[PDB]
Amino acid sequence: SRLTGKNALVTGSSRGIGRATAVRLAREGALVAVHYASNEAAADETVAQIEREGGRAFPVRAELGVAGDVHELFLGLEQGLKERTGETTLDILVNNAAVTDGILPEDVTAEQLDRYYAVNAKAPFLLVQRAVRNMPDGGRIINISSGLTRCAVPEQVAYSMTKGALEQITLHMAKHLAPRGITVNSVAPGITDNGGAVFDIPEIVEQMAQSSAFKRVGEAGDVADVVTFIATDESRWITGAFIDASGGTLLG
Amino acid sequence: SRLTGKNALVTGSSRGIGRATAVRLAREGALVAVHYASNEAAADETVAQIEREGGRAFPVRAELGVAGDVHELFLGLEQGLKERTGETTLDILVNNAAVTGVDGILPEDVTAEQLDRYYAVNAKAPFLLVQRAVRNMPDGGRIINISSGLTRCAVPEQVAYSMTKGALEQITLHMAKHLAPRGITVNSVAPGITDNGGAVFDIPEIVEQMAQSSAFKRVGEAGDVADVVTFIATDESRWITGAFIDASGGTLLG
Ligand SMILES: NC(=O)c1ccc[n+]([C@@H]2O[C@H](COP(=O)([O-])OP(=O)(O)OC[C@H]3O[C@@H](n4cnc5c(N)ncnc54)[C@H](OP(=O)(O)O)[C@@H]3O)[C@@H](O)[C@H]2O)c1
Ligand SMILES: NC(=O)c1ccc[n+]([C@@H]2O[C@H](COP(=O)([O-])OP(=O)(O)OC[C@H]3O[C@@H](n4cnc5c(N)ncnc54)[C@H](OP(=O)(O)O)[C@@H]3O)[C@@H](O)[C@H]2O)c1
Ligand SMILES: COc1cccc2c1C(=O)c1c(O)cc3c(c1C2=O)C(=O)C[C@](C)(O)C3
Ligand SMILES: COc1cccc2c1C(=O)c1c(O)cc3c(c1C2=O)C(=O)C[C@](C)(O)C3
């Protein structure tokens with residue numbers, strides 16, 4: 001019950017690492033806004049799991065990286081917080097949603113560079129900007145990056161550019177928000193099982209597994225357990241940091 | 001009670017961050033070996049705090065940085081674990097102890113013998129402690145090296161000390177890879193300026209200058225660092241290895 005009476009928004013928590021994160025924040029007593037783009041069935045399943053486990057959650061639909069995205073998300077978020085608490089306080093923001101076998105550098109288009117940046121860097125910035133209006137002293141901003149910002153993979157150049165921009169939001173906003181006691185940190189996963197069809201193919205899972213020093217792919221919960229710790233009071237002396245949650249991928 | 005049934009060694013836990021760390025590991029249920037070099041009263045005060053908070057601990061005396069240091073520490077550690085548990089299993093090693101001089105030493109004044117003493121205690125001893133500790137450590141164990149933000153922040157009067165924390169961080173990198181097949185994680189936690197109870201922290205003028213290094217404009221409390229070390233010692237940190245964990249209160253924002 002480390003997060004009793006707190007309110008959290010996990011972007012992209014219908015599926016994958018965001019679902020695992022929403023589930024773990026709710027187990028600690030947070031009221032969780034489960035945000036999704038279009039998969040309402042998956043959002044409703046995250047909420048149902050949280051409720052079955054004795055916590056509280058509600059879904060929020062908003063496609064990010066289009067005109068009106070932040071306003072749409074905050075309309076749903078504040079309505080659901082106000083109905084359940086009488087307040088619109090936001091304690092915890094997890095910028096988890098993203099666009100993700102990559103694109104060879106020669107094949108990347110301007111349209112692809114714009115979509116990746118819209119969703120993966122621009123929307124996170126604008127969500128931080130809006131979220132702090134509601135955020136009390138002692139709040140938490142957690143940006144989900146990627147170990148690819150430290151590990152060269154040409155076919156992930158477009159994606160990795162956006163995660164490099166995301167990490168700058170961590171650096172510069174940690175300094176900006178320090179006076180308010182709001183921390184801002186990056187958590188960087190390695191290859192992580194998000195329930196994608198590729199994780200049902202043992203051959204490919206075994207090749208992907210070799211990337212980790214533990215010679216297994218990450219589970220969504222392995223990353224979500226680290227996010228959950230950063231969301232708690234005991235992380236208060238960590239800000240502006242790169243938190244490696246990759247199972248030793250950057251060791252080689 | 002995340003560490004029920006676990007045994008931990010915190011080097012240099014008579015005082016400062018190591019005291020705070022031993023106290024927090026014991027509150028999670030670990031049996032804690034409270035290691036010190038010379039200040040037996042301070043070690044006994046760490047133990048007494050753990051015992052009154054309902055935990056279990058015992059002191060282990062061993063000067064590090066001298067012949068026989070690892071042997072001496074492991075004789076005391078194994079005797080105390082065996083008496084209390086019937087086993088010598090070491091789940092958690094925190095390499096916290098260090099030669100750590102508030103005064104510092106400007107480069108012109110550093111001696112060959114100061115370079116030796118800092119390296120012996122701060123880099124050599126941690127290396128040899130890891131080598132010995134893993135014999136006793138199960139799959140799922142934890143090695144936590146206490147570094148310093150000075151590996152990323154230039155401070156000429158701490159050059160000799162910072163050399164040794166650069167060497168300590170290499171223990172983290174290379175040993176994380178070596179030990180991953182056994183499921184043992186190895187991580188650096190880097191404090192910034194942290195109140196360790198030393199006389200400098202009783203001088204508000206100086207505390208106010210020191211405070212400016214943190215983005216939060218306060219010095220760290222020993223518990224602010226200890227809370228992070230305690231998390232790394234738990235099961236929920238399993239997917240973190242080989243890492244530099246910044247526990248500096250935003251000192252490294254450049
Ligand atoms: N190996 C990995 O899985 C891996 C590795 C490194 C980093 N990461 C990072 O970890 C985070 C989670 O990854 P994941 O693998 O769990 O993702 P995922 O399984 O692809 O799930 C993506 C989530 O984000 C939402 N989302 C996607 N695009 C959106 C948009 N334009 N607007 C709004 N919401 C949108 C999805 O909503 P719908 O359900 O409605 O589609 C879903 O909830 C991302 O930041 C990713 O870059 C993942
Ligand atoms: N600002 C800070 O406080 C700060 C900043 C960055 C990093 N650190 C790091 O955090 C750790 C703890 O620092 P602290 O400030 O809490 O230290 P401290 O208050 O100076 O306490 C040092 C501890 O190490 C033990 N120790 C010293 N020399 C030893 C030796 N040769 N053999 C064995 N034990 C020895 C001491 O034992 P006795 O009590 O017996 O003397 C004591 O328990 C160190 O690794 C330090 O480098 C501290
Ligand atoms: C350290 O992080 C990695 C190391 C080796 C390979 C990969 C990664 C990734 O972090 C990573 C990622 O963040 C996201 C994706 C990948 C990787 C990755 O290889 C992909 O393959 C394609 C996917 C699943 O569509 C998106
Ligand atoms: C980020 O780490 C710092 C940033 C600014 C100033 C200091 C530090 C330290 O980490 C640090 C340290 O590791 C150890 C000491 C110092 C510092 C430090 O400034 C000292 O001043 C003297 C002391 C407390 O005996 C040894």
Side-chain angles (χ1 to χ4, degrees), chain A residues 1-8 21 24-25 28-30 89-95 128 131-132 134-143 169-187 225-243 245, chain B residues 2 16-17 19-21 23-25 27-28 144 146-149 187-196 201 207 210-234 236-237 240 243-253:
Chain A
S1 308
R2 286 175 289 174
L3 299 178
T4 297
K6 308 280 204 208
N7 303 329
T21 302
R24 285 154 175 71
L25 296 180
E28 297 293 334
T89 306
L90 185 64
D91 298 284
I92 298 150
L93 170 66
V94 184
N95 280 309
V128 173
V132 298
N134 294 38
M135 183 171 285
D137 288 17
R140 296 281 184 271
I141 296 169
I142 307 168
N143 294 318
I169 302 176
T170 294
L171 176 59
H172 295 286
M173 299 302 291
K175 181 62 175 184
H176 184 63
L177 297 171
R180 314 204 37 214
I182 295 167
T183 69
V184 189
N185 288 299
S186 305
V187 170
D225 284 333
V226 176
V227 176
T228 297
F229 165 72
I230 299 292
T232 73
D233 173 59
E234 284 71 31
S235 75
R236 71 189 79 77
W237 211 234
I238 305 179
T239 198
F242 179 87
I243 303 298
Chain B
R2 292 175 288 180
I17 295 170
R19 169 177 289 173
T21 300
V23 163
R24 280 158 178 68
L25 298 183
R27 289 178 183 168
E28 295 291 333
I144 312 170
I146 307 306
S147 190
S148 171
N187 289 300
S188 304
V189 170
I193 300 176
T194 313
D195 183 343
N196 58 12
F201 292 101
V207 172
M210 294 190 300
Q212 304 313 302
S213 65
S214 160
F216 299 118
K217 302 299 162 181
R218 62 176 184 92
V219 300
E221 302 183 55
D224 287 314
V225 178
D227 284 333
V228 172
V229 174
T230 296
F231 165 72
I232 302 289
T234 71
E236 283 70 33
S237 74
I240 306 180
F244 176 90
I245 305 300
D246 184 327
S248 75
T251 300
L252 299 186
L253 293 187

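Each chain gets a letter, A, B and so on, in the order the sequences are listed, and its residues count up from 1.
Atoms OG and CZ, from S237(B) and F229(A) in turn, are 9.5 Å apart once rounded to the nearest 0.5 Å. A distance of 11.5 Å separates CG of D91(A) from CD1 of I141(A), quoted to the nearest 0.5 Å.
Closest heavy-atom contact between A131(A) and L93(A): CB-CD2, 4.1 Å. When every heavy atom of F201(B) is checked against every heavy atom of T194(B), the shortest pair comes out as CZ-O, 3.3 Å. When all heavy atoms are compared, the tightest approach of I142(A) to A231(A) is CD1-N, 3.7 Å. The two atoms that bring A215(B) and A178(A) nearest to each other are O-CB, 3.4 Å, heavy atoms only. Across all their heavy atoms, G240(A) and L253(B) have their closest contact at CA-CD2, 3.9 Å. Minimum interatomic distance between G16(B) and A222(B) (heavy atoms only, all atoms of both residues): O-CB, 3.8 Å.
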Applying side chain to side chain contact (heavy atoms under 4.5 Å, CB included), run through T183(A) and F216(B) and close with a yes or a no.
CA-CA 10 Å; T183(A) 69; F216(B) 299 118; 4.0 Å; yes
Is there a salt bridge (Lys or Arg N to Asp or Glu O under 4.0 Å) between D233(A) and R2(A)? Walk through the geometry before answering.
CA-CA 8 Å; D233(A) 173 59; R2(A) 286 175 289 174; over 6 Å; no
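Applying side-chain contact (heavy atoms from CB on, under 4.5 Å) to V128(A) and the options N95(A), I182(A), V184(A) leaves one that passes, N95(A).
Counting only N and O atoms by type, the side chains of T230(B) and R27(B) include no donor and acceptor under 3.5 Å apart. For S147(B) and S188(B), the side-chain atoms include no donor-acceptor pair closer than 3.5 Å.
The residues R236(A) and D224(B) are annotated as salt-bridged, a charged nitrogen and a carboxylate oxygen being separated by less than 4.0 angstrom.
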